[PDB]
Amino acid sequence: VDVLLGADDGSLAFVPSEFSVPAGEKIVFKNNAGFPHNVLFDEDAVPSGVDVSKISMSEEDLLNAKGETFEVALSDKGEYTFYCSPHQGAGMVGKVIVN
């Protein structure tokens, strides 16, 4: 399933902000507008047993063009918070429920 980075109107949002997927489904984050963006998972807001390092971009890796993607597939059930490193403090945060 596709998650946009930036809304069409320039808002600093993941689109959608909240959604659910079955365990293992691919999640494709797709750069849209309002650059730069990236995608990390918060070590303090993922299921016990999850290693964020292997599902997170480097903070130093920034997406600056429309249509670039970052794909992950989450094996473990429960709630994950993802965020954009440059825009963390502007509210560009989202939640995925893996079921």
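One rule holds for the numbers: they count along the sequence shown, beginning at 1.
S.K.: With reference to the PDB entry, specify whether the mean Cα temperature factor is higher for 30-38 or for 69-77.
M.R.: The stretch with the larger mean CA B-factor is 69-77.
S.K.: Between 20-28 and 80-88, which has the larger average Cα B-factor in the PDB entry?
M.R.: The stretch with the larger mean CA B-factor is 20-28.
S.K.: Hey, what third does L4 fall into on Cα B-factor, ranked over its chain?
M.R.: As the PDB entry reports it, the C-alpha B-factor of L4 lands in the lowest third of its chain.
S.K.: Hey, what third does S56 fall into on Cα B-factor, ranked over its chain?
M.R.: Ranked within chain, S56 CA B lands in the lowest tercile.
S.K.: Please rank the C-alpha B-factors of the chain's modelled residues and tell me whether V46 sits in the lowest, middle or highest third.
M.R.: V46: CA B-factor falls in the middle third of its chain.
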